[PDB]
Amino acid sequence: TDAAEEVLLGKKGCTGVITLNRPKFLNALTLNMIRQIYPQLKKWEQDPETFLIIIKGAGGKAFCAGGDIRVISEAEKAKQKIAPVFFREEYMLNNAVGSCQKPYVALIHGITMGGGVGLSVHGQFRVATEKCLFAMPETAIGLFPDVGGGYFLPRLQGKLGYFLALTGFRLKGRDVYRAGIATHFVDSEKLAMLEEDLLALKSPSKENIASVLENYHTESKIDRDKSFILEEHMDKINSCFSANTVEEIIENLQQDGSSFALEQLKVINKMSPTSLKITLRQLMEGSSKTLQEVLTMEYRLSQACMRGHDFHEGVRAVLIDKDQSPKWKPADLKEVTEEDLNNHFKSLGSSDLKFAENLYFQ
């Protein structure tokens, strides 16, 4: 047996199967994996013998915990940078998933966060199990909810996505479905059969695929009639998170004064202030952008963030030392100025992320 690849690509029946394959690192997405997945997705779109693409994670704990931001941060320490290529090609793959010309099913069993969400939420079908653990945890690490977070987050109900984006709130299991992040829910004990039945389909249409998913979804039992964990908080979320500045959101939470609001206020106050301001503007702007436009914006954001202090500090606090004790700079929201913010959003000119060759554009 040769050494295992970081992602497996296979053809089984009518289906192309992508298996994220770094389970010891929670299947975190690398440039190597992106560069295998992206061209394969494009080939399968044009392959008349491929009717379905499934993405899944190896190991049963994680679908994918994120893009591999540890390695990106390490690479920032010296001259062999990875960030310019990584974010560009990652975002190109999120767009490819979102515009996929064949049915695309993501089996989001297990931890599904950040980059892992980018590989799933934009696809046509996302199947959660009771073990699905969703978050966009980027404001805790000095980044922002990228991989198209600026597109999908504002499009969740009310201001749910703004709440998720700013606080990194975790949703588990059937709540991932209730939130609209998963399209379907299956108990994990039946996931293997669901996979098998999809793979066994002969020349399936999108409708054939949808039928299989529906049939499993209907019969799943775990939390079947449980309400969405955030339903009782949706009015206050919709109110508090309607403001145009982070300072106003924090003020609204304080004035609401409920246990939940004060808990989430506490969390927000531990997030990178720069990250918070970026994230709010990103979602507000993203609310009126296409996925491509959003990704173009996020690419600018990603490169600006590499030039700041907080990303490297967040990776240290969260991923390396795990002391959950980041010292942000600036430490106060007041010191995140309008000009600083505007600088992150500036065009990169000919270095911008674009989705066609130059001759396509005026």
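Start at 1 and count along the sequence shown; that's the residue number.
The stretch 198-206 shows the higher mean C-alpha B-factor when 276-284 is compared against 198-206 in the entry. Stretches 189-197 and 244-252 differ in mean C-alpha B factor, with the higher average recorded for 189-197. When the C-alpha B factors of 142, 173, 148, 257 are read from the deposited coordinates, the top value falls at 257. Remark: of 309, 43, 35, 56, 309 shows the highest value [criterion: C-alpha B-factor in the PDB entry]. In this PDB entry, residue 79 carries a Cα temperature factor that places it within the highest third of its chain's modelled residues.
Residue 7: CA B factor in the lowest third of modelled residues in this chain (values from the PDB entry). Residue 180: CA B factor lies in the highest third for its chain, per the PDB record. In the deposited entry, the Cα temperature factor of residue 212 sits in the bottom third of values across the chain's modelled residues. The PDB entry assigns residue 135 a C-alpha temperature factor belonging to the lowest third of its chain's modelled residues.
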